[PDB]
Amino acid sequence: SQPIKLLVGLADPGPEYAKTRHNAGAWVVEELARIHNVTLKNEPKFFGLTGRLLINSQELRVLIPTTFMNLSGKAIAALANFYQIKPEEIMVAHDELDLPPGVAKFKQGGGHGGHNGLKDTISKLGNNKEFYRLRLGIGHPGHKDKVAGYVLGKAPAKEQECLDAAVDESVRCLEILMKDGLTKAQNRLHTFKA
């Protein structure tokens, strides 16, 4: 038994942005869908790429928005509302600045942290912060003002392995979450540091 009906991987659309740090959330959803053999369908009604996975043996919906980052809320709200999914049953995977590359953490609630995606999500789900997040560490640059370009950049090769390891392990622990629950999934993921 466990709370998550919809995993969302946040993203800037198109091939120019596919390898940037701000697209980490989507890397999770992408790997998890490759491993469970699901191809994401473009559903314009839901402003994104969606799909449905059977994972031991729970019904998990997945979504990568094709909106601008700052309107990810439209996709998540349109999909949630149509399948009758509540905020507390949504996990949103996103690049986290406050954590380094190689690290990932589950959490419920909290701030957007200046992340435009999470901001609009809070807002379109009706000023409700209490969806889960999967926070993927990406580090942060030197100055508050460099941030936007840090996130719209491609991590160099060696940081990108640390990232790819946290994606890999986040997926595994999402499989754990569906078999053993959040608590066990969380203990395991929060001892991982690449």
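Numbering starts at 1 and runs along the sequence shown.
- As listed in the deposited structure, the average C-alpha B-factor of 176 to 184 and of 20 to 28 is greater for 176 to 184.
- In this crystal structure, the stretch out of 73 to 81 and 111 to 119 whose C-alpha atoms carry the higher mean B factor is 111 to 119.
- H94: CA B factor lies in the lowest third for its chain, per the PDB record.
- Per-chain ranking of the deposited C-alpha B factor places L134 in the lowest third.
- For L6, the recorded CA temperature factor ranks within the lowest third of the chain's modelled residues.
- In this PDB entry, the Cα temperature factor of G51 sits in the bottom third of its chain's modelled residues, the lowest group.
- In the PDB entry, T39 places in the middle third of its chain by CA B-factor.
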